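The chain that follows stands alone, in the form deposited in one PDB entry, written as C-alpha cells.
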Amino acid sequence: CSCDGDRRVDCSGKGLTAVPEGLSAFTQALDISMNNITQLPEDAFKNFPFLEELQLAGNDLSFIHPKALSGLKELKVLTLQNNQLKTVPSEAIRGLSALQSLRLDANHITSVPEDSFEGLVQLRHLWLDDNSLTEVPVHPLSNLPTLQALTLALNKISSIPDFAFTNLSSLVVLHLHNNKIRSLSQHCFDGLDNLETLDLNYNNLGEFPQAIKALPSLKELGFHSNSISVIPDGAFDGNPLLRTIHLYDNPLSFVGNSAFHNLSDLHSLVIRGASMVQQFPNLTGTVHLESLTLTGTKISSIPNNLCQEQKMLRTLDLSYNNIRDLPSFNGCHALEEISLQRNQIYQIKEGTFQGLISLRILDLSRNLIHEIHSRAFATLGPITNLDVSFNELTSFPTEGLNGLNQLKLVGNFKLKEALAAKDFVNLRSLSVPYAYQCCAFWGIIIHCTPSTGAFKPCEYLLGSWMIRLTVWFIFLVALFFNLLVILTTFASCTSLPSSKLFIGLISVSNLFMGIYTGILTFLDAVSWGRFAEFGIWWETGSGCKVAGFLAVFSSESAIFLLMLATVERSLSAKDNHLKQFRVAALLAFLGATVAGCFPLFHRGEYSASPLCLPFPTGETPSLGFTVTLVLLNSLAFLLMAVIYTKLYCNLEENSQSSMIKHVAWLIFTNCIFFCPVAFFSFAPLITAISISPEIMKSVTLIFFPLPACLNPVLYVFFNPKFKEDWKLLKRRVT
C-alpha cells in the first residue's frame, strides 16, 4: 500500500481483502475503498488507535463484527458508501462517540434497528439516500440531538408521520427528493426549527403541505415535480424569510391572490400553466423580486405600481395570458427583458415604454397591435432584439431603433411600405412580411427570412435585355398579327365556315394573350430599375389579378378552341353544324373564363409571382388548381393527338387538305410550346430535379405567349384562305 508523510495512508484500489498489515502504529486517515473487502473481523482496527478518517466505500462489504470498530474513540469521519450492508449496523457503530459524518447511502439498506445511532452525540451529517427504506426512522433519528444535515432522499418513502423530526432541533438541511412521498401530516415538521433547506422535489404530493408553517426560518423550498394544483392564500405565512421556491413542472390551476405576499427576501417567482387565476398577484412587500414569470391565464390588467415597487426587477414574462392595456413602464431601470406574446394589445402609446434604460430584448408578437406611436421607442437606447411579428400592423416607427440587431415583422401582411435601411444600420437578422421590403437591405451581412430570389425581383421584372427585347417583339407581333387576322376574317360579314370562325376565335384568344404580355412589358418599362416599391403594390392590387386572369383565360380558351377545331376537322373528314359549333365554342369560352376566375375565388393564387402566373409555382404549395389544370391540358393534348392519328389512319379536297395541314401544324406547335411549361410546373412535385429559378422564369416568359405570337404568322403566311380573304377585304374597302 502507498503511504504518505502526513499520516494519511491511501490503500484504495490495491485489491486487498482485509485491513492492511505492517502499517504505522498511529495514523489519522485511511483510504481502503476500492479493495474488495467482504467482511471486517473482530478488532480489525485494534492496530490503529488514533484513526480519525475511515473510508470503506466502494468495496462490497457485507459484514462488520460488533467489536471491529471498538477502540476508535477518535474517529471523525466514517464513509460506508458503496457496500452491501443490507441493514444499518447498530452494534458496530455503537460506542463511536466522536464521529461527525456518517455515510450509508449506496448500500441496499432495507431496515433500521431501533437501537441504531446510540451512544454517538457529535454526529452532524447523515447519509441514507439511494436505499430502500419504506418508512422514515423515528427513534434512531430521535437519538441524534446534534444532527445538522440529513438525506433520506432516494428511498421508498411513502408518508411522513407527525413528529418524525422532533428531536432534530439543530437541523438545517433536509433532503427528501426522489421518493414516493404522498402524505405529510400537519405536525410532521413540528420542532424542526432553524431548518433552512427543505427538498421535496420529485415526490407525489397532491395537496399543498401546511406543515411548512411550522418552520420559522426557511430559505429554500423545493416542491418541484408533484401533483400540487392549488396554492392557498397564506401558504408561506410561517416562512417570512424564504428566498427560493421551486415549483416548476407541476399541474397548477389556482395560485391565490396573496400567496406570494410579504415575502421580502424572495428573488424569483415563476408560475406556468395556472390558467384559472384571474387577478394579478398581490406582491406588496415583495420588493426584492428580480424576475416574475406568469402563466397563460385570464389576467387582463397590470398594476400601475408595478415599477414603483420591484426596483430590482430584471425580467418580466407575462406572455400567454390575455393582457390588453400596458401601463407606463417609467422606472424599472434594471429591467432588461419584457415578454408579451399572444396577449391582446391594441396599440402602443407614446409613454408605455418611456425610460426603460438597459432594456435589451422586447417581444410583442402574436398581439393585435394596429397602432404604434411614432416616438414609442425613441427613449429606448440599448434595445437590441425586437419581435412584433403577426401583430396586424400598418406602419412602423424608425426613431430609437438604430441599435437593433434583430427585427421580426413576419405576420404584418397589412404593412406594405418599404423600411429604409438608413435608420437600421446595425441589423443582422431581419424578418419582413414581403420579400420586396427585404432587398432594400441587400445582404455587415443582413439575413432576411423572405428570400428575394429571382421570382420576387426588385431591380428588373423581366431580367436581362435579351429577354426584355424578346418579350417586346413577341407582344408587338402577337398584337398586330392577331388584330390583322381578326379584321380580315370577320370583316367579310358573310357566311362564315366553321374552320374560318375557329381560326378567328383562336386569333382573338392569342390577341388577349398579347394584351397580357403587353401589360407585363409596360409594367417592366415603367418600373425599370425600381421594382422594389412596385412589387408589393402590383401583387396585392387588382392589376396582378386581372393580368393573371387574362393569361389563364387566353391559354385555356386557345387550348379548348384548338380541340374543337380538331373535332370539327375529324367530322368534316367523316362527311351543316354551324350553330352547334358556335354553341360549343361559346361553351369553351365560358369554361376558359371560369377556369381563369377560379384563382380569384381561391386564396392568393396570383400573388406568388409578379408575373401573376399561377401554374408556375413553388416547391411548397403544389396547388390542386395548378395540378388539375396541367393534367387537364395534358389529357386534352393526348385526346386530340390520338383522334388526329386516327384521322390519318382512316385517311390514307384540296381546301380540306390545306385546312387539316394547318390544324396539324397548330397542334404540333402548341404541344411543343406547352411541354416545357408543364414540365417546369410539375418539377416542384419531385425533389430529385433542381432547376434554377432564373432559367425557370425566363423559359416561362419566352414560351408561354409563344404560341399566341406564332399562330397568326402561320395563318397569314402559309394559308391561301388568308390570301383570298385579303383580296375580298381589298375589294370591300375599294
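Sequential numbering from 1, following the sequence displayed. Between two forms, the rigid core is the largest collection of C-alphas that superpose within 1.5 Å.
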Are coordinates for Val642 absent in a third or more of the other compared PDB entries?
no
Flanks modelled, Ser658 absent in at least a third of other entries: no
In the entry, residues of the deposited sequence missing between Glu652 and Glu653 amount to 4 to 9
Here the number of deposited-sequence residues unresolved in the coordinates between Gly443 and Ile444 is 10 or more
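FYI, the form deposited in another entry isn't displayed, but the following is about it.
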After rigid core alignment between this form and the one not shown, the listed option with CA shift of 2 Å or more out of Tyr202, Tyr644, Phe236, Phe329 is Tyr644
Q) Any chance the CA of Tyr346 moves 2 angstroms or more between this form and the one not shown, core superposed? A) no
Fill in: Per-residue C-alpha change between this form and the one not shown, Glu568, threshold 2 Å, rigid core fit
yes
>> Please state whether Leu407 has a C-alpha shift of 2 Å or more between this form and the one not shown, with the rigid core used for the fit.
In response: no
